[PDB]
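As structure tokens, the structure follows; a few thoughts come after it.
Quick note on labels: first sequence line is chain A, next is B, and so on, each numbered from 1. Atoms considered below: every heavy atom in the structure, side chains included; atoms not considered: hydrogens, waters and symmetry mates. Atoms within each ligand, like the ligands themselves, are counted from 1 in listed order.
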2 protein chains.
Amino acid sequence: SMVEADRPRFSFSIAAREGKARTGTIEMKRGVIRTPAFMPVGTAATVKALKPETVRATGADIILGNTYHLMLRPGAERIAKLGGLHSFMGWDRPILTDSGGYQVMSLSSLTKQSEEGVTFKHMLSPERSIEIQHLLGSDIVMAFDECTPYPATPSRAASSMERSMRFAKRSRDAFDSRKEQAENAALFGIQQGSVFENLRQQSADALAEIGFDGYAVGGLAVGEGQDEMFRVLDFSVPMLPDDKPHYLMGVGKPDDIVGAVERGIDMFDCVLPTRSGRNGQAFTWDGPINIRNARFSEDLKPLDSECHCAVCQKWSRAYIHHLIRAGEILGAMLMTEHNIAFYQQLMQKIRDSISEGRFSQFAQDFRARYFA
Amino acid sequence: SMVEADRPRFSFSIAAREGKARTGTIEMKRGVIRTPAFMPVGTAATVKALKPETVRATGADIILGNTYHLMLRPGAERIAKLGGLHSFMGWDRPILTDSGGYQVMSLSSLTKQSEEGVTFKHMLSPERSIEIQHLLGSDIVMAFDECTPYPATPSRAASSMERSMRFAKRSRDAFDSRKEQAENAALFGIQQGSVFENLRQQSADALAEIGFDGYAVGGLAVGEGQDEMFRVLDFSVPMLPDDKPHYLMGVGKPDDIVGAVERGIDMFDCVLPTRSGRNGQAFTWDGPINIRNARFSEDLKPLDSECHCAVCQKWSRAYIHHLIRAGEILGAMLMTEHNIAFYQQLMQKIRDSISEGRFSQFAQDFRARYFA
Ligand SMILES: [Cl-]
Ligand SMILES: [Cl-]
Ligand SMILES: [Zn+2]
Ligand SMILES: [Zn+2]
């Protein structure tokens, strides 16, 4: 039919649910994102040790671009002059960018947080963060906020949450005031409040009044331990709008992801598969292994016995053990490809199990084997 | 026809000639090698920063496996137990292995050369070198010799050449005494004699009396300068059997290769494209460039304007400049793939021009542009 014969800026659809868990899609102009989603991290315009085509071969639909490094070198204006981050690095699908503020605090010197933003050895305000993300050509822009250390007293957590909510409104208005950005990208707000239910509620209410395309749970990748993280998620995720994506920033280990999905999270990112891969840790369905251990020196099996990735089709543990011990670049490449593929296969199993109404059983089976 | 409906152990055929230059093929059980050939170097069971499929995509028909690192770690017996070097690293085509002796002298400590071979901090005799190369599963085995430093006095050059010829006979007999090796691999002898015509002649005569599948010109990648290298090649290559391959070990820069082919060399290896690629040097038809230079920070052109490699199809100088300056693994990967592809495209242009009787013109055109 003629009538049957482009993607929207942003459309999140939920296809299936089981308990608090959801599966569906985010459609954007640069592609579809299957949820729950894992985003590999690109630290300085590269997912370390992988060509973009290899990232895509693992199943990733979207990557996270750290802003902090790029705003320093090559610089946001320079990247824009060169055609934007997508062209520059050769990834044509969606990119979510962080605001830059957290890595300023973790990596910079002589930092000072204030109502104007953060200065460091350079000023990064909410408005400038949104502009930088625009210049990079981000598809999902994160509101600029003020981080809360862990542990935090109730007073400190309230102060940084309140400032973050003022910054969320400033971020909203800056994004909306740039027509090309408002029409082509999406903006996510970040819930704060440390581990305190009342502050988490105040933050969710403030963000919902402003209105965002998605809602992150901030402040939980900070050393609190899984029991506490899950306790906070238990009350925090229900506070967010149900019909928008829920993004748990900086999480995490495979079992963290499974439990967070059980609590209503749709999106994840962390450096664990890439960074710990380069350090010799490989993820397997039977738990992580450190490939440098002497027990692998003559092990002809692949990293994981079921994994479908190209690394596991072609190379042995023994070979990868040799490469990592020798400091060879190919060792980093192979470990990273496998680990990112493992994470994507985890997400696929999560999505399929929710779609089939058997996610609770999947989670129990996953844990029993992973922690055996 | 029924009558028309495996490859030999070794068959070198010359399809075309121009002056002293030749083009043709070496057929072996694991594949065909197009000559003149460039062999990427695999230092520790990896061509640094490349999967084998990427090495093959550049056009390489054969790689060089350094023996020295592998005989120490993982060890030759261990590699054999794991199925041999080809299986271990995932390269199923021919591998030429060096003897290990030169890298003992260049990288080891407390070395001592004698009529038994070389001891170091471990003994490596001619017989043990051949055995190690067997355990790795080498397709082209290099005779074990004794290197000559540059400069060398006539007396020293004669002594090491004479010992090398005694070691060449020992290598021949060791190779022949191992039936599986003799039937499936090839053995090359190495001409020595430093820069001295009379010693080069004595060495060629000794090697021809023993008999080898191919003949290397040893001792010329040692700092002597191109004029002197070419002068020695002028008289040395004609001394070798015409109907066998001529291998110039450790050479070299693009213009070294062109001039060596003009003097009758069929095979080459060096670390320049890989090692200097990781250091930021990219080869182009207009000469080498250092991609770290600030002049490339906003240059959207590919590394080379004509190169057919995947790197030049997909990424800019500006991006690769950023990666190398940032110390990113992907920078090493992309520089290395391009440089090895450039070397293979050089070899292809050499082969085609000899096949078409226009190699002299190619060499003159190549130099005029490369040194402009
Ligand atoms: Cl990383
Ligand atoms: Cl190298
Ligand atoms: Zn795998
Ligand atoms: Zn290229």
Side-chain angles (χ1 to χ4, degrees), chain A residues 50 54 57-59 273 277 281-286 288-289 291 301-313 315-317 319-320 326-330 333-346 348, chain B residues 38-50 54-55 57-60 63-66 68-69 98 103 106-107 250 269-279 281-286 288-289 291 301-313 315-317 319-320 332-346 348:
Chain A
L50 299 183
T54 310
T58 72
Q281 176 166 251
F283 292 93
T284 87
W285 305 105
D286 299 293
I289 61 174
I291 203 61
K301 298 188 298 302
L303 291 171
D304 178 272
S305 63
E306 297 175 10
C307 179
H308 302 293
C309 91
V311 182
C312 291
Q313 299 333 289
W315 296 281
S316 66
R317 287 163 172 199
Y319 181 61
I320 298 168
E328 283 283 353
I329 290 166
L330 184 62
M333 293 164 55
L334 296 184
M335 287 291 293
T336 298
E337 176 173 0
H338 165 77
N339 279 350
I340 292 291
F342 179 88
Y343 266 65
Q344 295 302 330
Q345 287 168 93
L346 173 62
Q348 187 63 56
Chain B
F38 182 77
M39 297 182 284
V41 175
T43 290
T46 165
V47 178
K48 291 178 187 283
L50 299 183
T54 310
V55 179
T58 72
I63 64 174
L64 183 148
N66 290 146
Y68 167 79
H69 295 97
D98 59 30
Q103 288 193 309
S106 70
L107 305 176
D269 76 275
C270 64
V271 300
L272 191 61
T274 41
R275 184 178 296 177
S276 86
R278 301 193 304 279
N279 194 47
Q281 176 166 251
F283 292 93
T284 87
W285 305 105
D286 299 293
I289 61 174
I291 203 61
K301 298 188 298 302
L303 291 171
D304 178 272
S305 63
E306 297 175 10
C307 179
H308 302 293
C309 91
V311 182
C312 291
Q313 299 333 289
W315 296 281
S316 66
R317 287 163 172 199
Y319 181 61
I320 298 168
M333 293 164 55
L334 296 184
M335 287 291 293
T336 298
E337 176 173 0
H338 165 77
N339 279 350
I340 292 291
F342 179 88
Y343 266 65
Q344 295 302 330
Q345 287 168 93
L346 173 62
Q348 187 63 56

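Annotation: the span from B:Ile340 atom CD1 to B:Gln345 atom CD amounts to 11.5 Å, rounded to 0.5 Å. The structure places CG of A:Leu303 at 7.0 Å from SG of A:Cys309, a figure rounded to the nearest 0.5 Å.
Take the Zn ion (ligand 3) as the corner point: the lines to SG of A:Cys312 and to SG of A:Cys307 open at 110°, to the nearest 10 degrees. To the nearest 10 degrees, the angle centred on the Zn ion (ligand 3) between ND1 in A:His338 and SG in A:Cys309 reads 110°.
Side-chain contact between B:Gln313 and B:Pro302 is absent, with no heavy atoms from C-beta onward closer than 4.5 Å. By the 4.5 Å heavy-atom criterion applied to side chains, B:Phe283 and B:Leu272 are counted as neighbours.
Contact annotation: A:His308 places no N, O or S atom under 2.8 Å from the Zn ion (ligand 3).
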